[PDB]
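> This one is an experimental structure. Sequence first:
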Amino acid sequence: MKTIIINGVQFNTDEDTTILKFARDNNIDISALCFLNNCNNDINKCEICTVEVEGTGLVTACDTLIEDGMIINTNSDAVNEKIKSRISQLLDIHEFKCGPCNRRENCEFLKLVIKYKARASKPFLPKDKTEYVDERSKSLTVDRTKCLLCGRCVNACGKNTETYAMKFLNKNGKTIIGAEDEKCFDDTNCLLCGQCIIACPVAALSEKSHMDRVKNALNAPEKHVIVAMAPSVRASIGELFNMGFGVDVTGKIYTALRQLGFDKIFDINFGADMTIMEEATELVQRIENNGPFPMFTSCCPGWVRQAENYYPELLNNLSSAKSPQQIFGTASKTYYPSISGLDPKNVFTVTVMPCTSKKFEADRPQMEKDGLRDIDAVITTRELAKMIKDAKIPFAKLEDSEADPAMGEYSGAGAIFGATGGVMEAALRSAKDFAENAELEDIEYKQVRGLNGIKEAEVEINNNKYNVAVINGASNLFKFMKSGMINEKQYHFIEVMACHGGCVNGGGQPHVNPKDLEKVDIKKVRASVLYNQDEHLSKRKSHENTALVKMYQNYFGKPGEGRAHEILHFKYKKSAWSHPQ
Ligand code: 402
Ligand code: SF4
Ligand code: SF4
Ligand code: SF4
Ligand code: SF4
Ligand code: FES
Ligand SMILES: [Mg+2]
Ligand SMILES: [Mg+2]
Ligand SMILES: [Mg+2]
């Protein structure tokens, strides 16, 4: 073993680990900032994790290995003055104005400033933020007056996506982060997944705000504002109201949305059942036409951008079913007026998403018909939370209410969409019933669930074997393709999610501080809310959703043909030949 003394306390251990990790395991307090995802900022270490090792001096705990004979002090005056000094140097490049800041309630940097009682040498007070701010993107925004150059976003993009779309850049002799050549992110290979935002300790990276879109529509007397939340929102937003992790707050959200003034409370899980109707029908059509195989899901816009940017030859293989968001939106401007009497032009449809990429999807030029956008606004889980708090709605004390049913009912199949493997599982439940013209009892496909990066299964559909895969994270899509796995067998149906864990880990979700991430498996705990709902629901197949069945019967007809095909689908095409390209 080794013997280690920390702040006068002897430890016997044979672990090979860092001082930071050993301390955290033994409830010894050490601060950290740039350390995340088992990486610190290798080209500009923050040194907030400074501790003192007798005989060696000041060291960074986050990457210094424990060794036999080490005597460590984490709280000497020399340590604290060094840490304090580093925080003071960061304050010198930080617009320290927490009042209006969208990370005020959970900012890692503020907590460190308070802890060490640090102060700027010179308060950073730029008079014109224009040059520091980039709001060109439909999905992301950068405010470099808040940027600590901690590198967490650069490392998170690399690890989560392997695009390296987020880079260190040299701008006029100064270091910044940004997209390739300081372009708009949208105009680069970036997936707009927002994992970089999720990694950021401060408010430097954010979602493109849609909050004014929403407030102006609510305030317009002639606008009728529909709101519909994603699967993942009901399993996560509670975290921002100090309710802890893994709490189902579906009913509270419906009540809060009514208190915010929305005119109709629907649910994107209804749209998820629509997507399955169309997609499971398409799978059965492809089986009968013998392809094109594999069919890929098309509901994740981060993956769609990944395909567009890296694998355009797969675009024809994507399912033509719109995503639950866009397929919902389409019906909100067509079906919903037909059962309400509203003028379609006066319907304003808002979604609440765990996702930044969804904002780009919604603003795609052709995502409209007859001049009416499918989706007029997308707010993130975080934006809704702020909307609720701004309205002084006592979220944690609200009673449960229900959604308006016509486009609000959902099956258990729709409910699990937010977890990796959920779309696959939901699609199979319907494709099997469709192909075998039957009502099977065994509907649980636990083989495609969980956090493994690449998940294969063999499935039997109408007395033949088919090969499916669930790709869990954009980096795993690249692994799957580059390694040749795609070619090792004939795949027939593949789910791809850009965010590892599925949408429950999307770029629009509540931030979680590094400490809690050590203690909580956020991906499993959020997904557990969804699978729980599926278990306790009467209808667990999309085509059994009674409100959906009514809609198709009275308005669309049969899925995958006629009107349904005409307006609930959307195809992506690779660019035509040109030269130069
Ligand atoms: N559109 C749509 Fe989806 C549905 O339903 C969400 O809303 Fe997702 C979630 N939660 C998000 O963002 S997108 C990718 N498919 C899995 S779930
Ligand atoms: S990023 Fe944090 S420290 Fe900076 S202004 Fe916002 S809340 Fe305050
Ligand atoms: S949005 Fe996703 S792909 Fe783009 S820079 Fe951020 S992490 Fe990378
Ligand atoms: S944007 Fe955020 S994560 Fe990226 S370097 Fe700046 S502070 Fe760190
Ligand atoms: S996995 Fe979900 S949250 Fe992540 S980019 Fe795709 S749609 Fe958005
Ligand atoms: S947290 Fe250790 S160097 Fe940044
Ligand atoms: Mg390192
Ligand atoms: Mg109104
Ligand atoms: Mg196998």
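Sure thing, it's come through. Residues are numbered from 1 along each chain as shown. Ligands and ions are numbered 1, 2, ... in the order given.

> these two touch, right, residue 143 and residue 207?
No: Residue 143 is not in contact with residue 207 according to CB atoms under 8 Å; the separation is 11.9 Å. For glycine as for every other residue, the C-beta is placed from the backbone atoms N, C-alpha and C.

> quick one, which of those two is more surrounded?
residue 207 (27 against 19; other CB atoms under 10 Å).

> Name the residues of this protein found near ligand 6, please.
Residues of the chain lying close to ligand 6 by CB under 6 Å from any ligand atom are 32-35, 40, 45-49, 60, 62.

> The stretch 351-500 of the chain: helices as residue ranges?
357-362, 381-390, 412-415, 422-436, 474-482, 485-488 (DSSP state H, counting those that start in this stretch).

> so of the ones you listed, which one's packed in deepest?
Highest mean neighbour count among the helices of the stretch 351-500 of the chain (mean count of other CB atoms under 10 Å): helix 412-415, with a mean of 30.

> Any part of that helix near ligand 1?
No: Helix 412-415 does not reach ligand 1 (CB under 6 Å from any ligand atom); its nearest approach is 6.5 Å.

> For residue 36, see how far away the residue nearest to residue 520 when sequence neighbours are not counted is.
Excluding its sequence neighbours, the residue lying closest to residue 520 (CB to CB, 6 or more residues apart in numbering) is residue 245, at 5.3 Å. Applying CB to CB, to the nearest Å, the value for residue 245 to residue 36 is 19 Å.

> how near is residue 552 to residue 426?
17 Å.

> can you check residue 283 too?
Noted for residue 283: a distance of 12 Å to residue 426, by CB to CB.

> for ligand 3, what are the nearby residues on the protein?
So far as CB under 6 Å from any ligand atom goes, the chain lies against ligand 3 at 157, 160-161, 163, 165-166, 185, 190-196.

> Out of the residues you listed, which comes closest to ligand 4?
residue 196 (6.6 Å; CB to the nearest ligand atom).

> tell me which element the closest one is part of?
In the assignment (DSSP states H and E), residue 196 maps to helix 195-199.

> Other residues contacting that helix?
Outside helix 195-199, the residues within contact range by CB atoms under 8 Å, 6 or more residues apart in numbering are 36-37, 140, 152-157, 160-161, 166, 205-207, 356, 499, 505, 507, 509, 511.

> Following element in sequence after it, please.
Following helix 195-199 in sequence, per DSSP H and E, is strand 205-207.

> neighbour count winner among residue 245 and residue 36?
A direct count of neighbours by other CB under 10 Å for residue 245 and residue 36 places residue 36 higher, at 23 against 19.

> And the more buried one, its phi and psi?
In terms of degrees, to the nearest 10, the main-chain angles of residue 36 are phi -160, psi 150.

> Report the separation between it and ligand 7.
11 Å (CB to the ion, to the nearest Å).

> give me the number of residues near the residue in the stretch 451-581 of the chain positioned nearest to ligand 1?
At 3.0 Å from ligand 1, residue 503 is the closest residue in the stretch 451-581 of the chain, using CB to the nearest ligand atom. When neighbours are defined as other CB under 10 Å, residue 503 has 33 of them.

> So which residues on the stretch 251-400 of the chain come close to ligand 5?
Residues of the stretch 251-400 of the chain lying close to ligand 5 (CB under 6 Å from any ligand atom) are 300-302, 354-355, 357-358.

> now swap in the chain and tell me
Contacts of the chain with ligand 5, taken as CB under 6 Å from any ligand atom, map to 193, 300-302, 354-355, 357-358, 497-499, 502-503, 506.

> Got the domain ranges for the protein?
The chain breaks down into these domains under curated CATH domains: 1-124, 125-208, 209-581.

> I'd like those domains written out as JSON lines, with distance to ligand 4 added.
As requested, the domains of the chain are exported to JSON lines (distance: least, CB to the nearest ligand atom, whole Å):
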{"stretch": "domain 1-124", "distance to ligand 4": "7"}
{"stretch": "domain 125-208", "distance to ligand 4": "3"}
{"stretch": "domain 209-581", "distance to ligand 4": "11"}
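
> the helices in the stretch 51-200 of the chain, which residues?
77-91, 108-116, 152-161, 195-199.

> Mean neighbour count, these: which tops it?
Counting by mean count of other CB under 10 Å, helix 195-199 has the highest mean neighbour count of these, with a mean of 25.

> ok, that helix near ligand 2 or not?
No: Helix 195-199 does not reach ligand 2 (CB under 6 Å from any ligand atom); its nearest approach is 12.6 Å.

> near ligand 1 at all, that helix?
No: residues of helix 195-199 contacting ligand 1 under CB under 6 Å from any ligand atom: none, with a closest distance of 13.2 Å.

> For residue 170, see how far away the residue lying closest to residue 285 once chain neighbours are set aside is.
The shortest distance from residue 285 to any non-neighbouring residue, by CB to CB, 6+ apart, is to residue 560 (6.0 Å). Plainly put, residue 560 is 52 Å away from residue 170 if you go by CB to CB.

> again with residue 497
Using CB to CB, residue 497 is found at 34 Å from residue 170.

> Dihedrals phi and psi, whatever residue of the stretch 201-350 of the chain ends up closest to ligand 7?
Closest contact between the stretch 201-350 of the chain and ligand 7, by CB to the ion, is at residue 201 (16.5 Å). The phi and psi torsions at residue 201 (degrees, to the nearest 10) take the values phi -80, psi -10.
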